[PDB]
Participant: 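The structure that follows is given in the form of structure tokens.
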Amino acid sequence: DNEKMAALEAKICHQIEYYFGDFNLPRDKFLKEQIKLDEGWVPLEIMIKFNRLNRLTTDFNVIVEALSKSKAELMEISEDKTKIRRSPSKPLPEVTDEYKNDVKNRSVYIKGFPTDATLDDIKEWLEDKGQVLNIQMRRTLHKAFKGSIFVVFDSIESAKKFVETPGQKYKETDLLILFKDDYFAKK
RNA sequence: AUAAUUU
């Protein structure tokens, strides 16, 4: 029973840490704007507008409880517990040629998912393939899922090991896997 | 329609 509460809390921490994480934050206009208002602090009242978090829970107390137990320890909770922020002690990394070169080399391309698959479907399928930091479902201008995605692993090592595996299939359907830069090379 | 949404 309470194990499901732990499961819910782990999901809450992951979703919030994604929003304020190294991959997302630098390209999140709405969030970078909010962060400029009160020294990084963002009211839970605002955090609740984030769709994926909303679907997990809308309750402030549950969110605070979950974050206070987070292992990652990326987020800080205010004293009155009405707002949160990325720790000032965990600044965003400087984006150098080296950093970008490393991110590109940890990025993979995977084609072959059914057009109706959701982000949750894919996340679950990637659960046993290594540490993932970002999943980008490729869509058309009108936001229609093409069935192909880009995945960013925690390191070039886990990325390499994923691409090295030739017998991978989704719901018993073959998949085309390539390093992102290799996918572009062809295109 | 910054009515931005893995906001």
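We name chains A, B, ... by the order of the sequence lines, and we start the count at 1 in each one. Because only heavy atoms are used, hydrogens play no part in the values below, and waters and symmetry mates are left out as well, while side chains stay in.
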Participant: Going 5' to 3' on RNA chain B, which nucleotide is the first and which the last to come under 4.0 Å of a heavy atom in chain A?
Facilitator: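 Contacts span B:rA4 to B:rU7, reading 5' to 3'.
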
Participant: On the ring face of A:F162, is A:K129 found with NZ or CZ under 6.0 Å from the centre and within 45° of the axis?
Facilitator: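 Negative - A:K129 is either too far from the ring of A:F162 or too far off its axis.
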
Participant: Do A:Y109 and A:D181 get their side chains close enough for a donor-acceptor pair, meaning under 3.5 Å?
Facilitator: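 Result is no, nothing qualifies.
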
Participant: Once side chain to side chain contact (heavy atoms under 4.5 Å, CB included) is applied, do any residues pair with A:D38, and if so which ones, sequence neighbours excluded?
Facilitator: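 Testing A:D38 for side chain to side chain contact (heavy atoms under 4.5 Å, CB included), a comparison that skips the adjacent residues, returns A:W41, A:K83.
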
Participant: Tell me every residue that passes side chain to side chain donor-acceptor pair (under 3.5 Å) with A:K100, counting only those two or more places apart in sequence or in another chain.
Facilitator: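 Scan of A:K100 (side chain to side chain donor-acceptor pair (under 3.5 Å), adjacent residues dropped) gives none.
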
Participant: Which pairs pass salt bridge (charged side-chain N to carboxylate O under 4.0 Å, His left out) with one or both residues in residues 2-11 of chain A, sequence neighbours excluded?
Facilitator: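 Matches after skipping sequence neighbours: A:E9-A:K69.
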
Participant: May I ask you to say what A:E33 touches in the nucleic acid, namely base, sugar-phosphate or nothing, with a heavy-atom cut-off under 4.0 Å?
Facilitator: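 Base contact - A:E33 has a heavy atom under 4.0 Å of at least one base atom.
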
Participant: Using distance alone, with no hydrogens and no angle criterion, decide if A:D59 and A:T57 have a side-chain donor and acceptor under 3.5 Å apart.
Facilitator: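 Side-chain D/A pair, A:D59 to A:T57: absent.
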
Participant: Pairs under 3.5 angstrom only: tabulate donor-acceptor contacts from the side chains of residues 85-92 of chain A to other protein residues two or more places apart or in another chain.
Facilitator:
unit_1: A:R85; atom_1: NE; unit_2: A:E76; atom_2: OE1; d: 2.9
unit_1: A:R85; atom_1: NH1; unit_2: A:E39; atom_2: O; d: 3.1
unit_1: A:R85; atom_1: NH2; unit_2: A:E76; atom_2: OE1; d: 3.3
unit_1: A:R86; atom_1: NE; unit_2: A:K90; atom_2: O; d: 2.6
unit_1: A:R86; atom_1: NH1; unit_2: A:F20; atom_2: O; d: 2.9
unit_1: A:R86; atom_1: NH1; unit_2: A:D22; atom_2: OD1; d: 3.0
unit_1: A:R86; atom_1: NH2; unit_2: A:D22; atom_2: OD1; d: 2.7
unit_1: A:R86; atom_1: NH2; unit_2: A:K90; atom_2: O; d: 3.1
unit_1: A:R86; atom_1: NH2; unit_2: A:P91; atom_2: O; d: 3.4
unit_1: A:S87; atom_1: OG; unit_2: A:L74; atom_2: O; d: 2.7

Participant: Which of residues 45-58 of chain A sit near RNA chain B, with a heavy atom under 4.0 Å from it?
Facilitator: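 Heavy-atom contacts with RNA chain B come from A:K49, A:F50, A:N51, A:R52.
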
Participant: Scan A:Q34 against the nucleic acid and name what it touches under 4.0 Å (heavy atoms): base, sugar-phosphate only, or nothing.
Facilitator: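 No contact at all - A:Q34 keeps every heavy atom at 4.0 Å or more from the nucleic acid.
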
Participant: Taking 4.0 angstrom as the limit, do A:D120 and A:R52 come out as a salt bridge?
Facilitator: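 A:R52 and A:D120: salt-bridged.
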
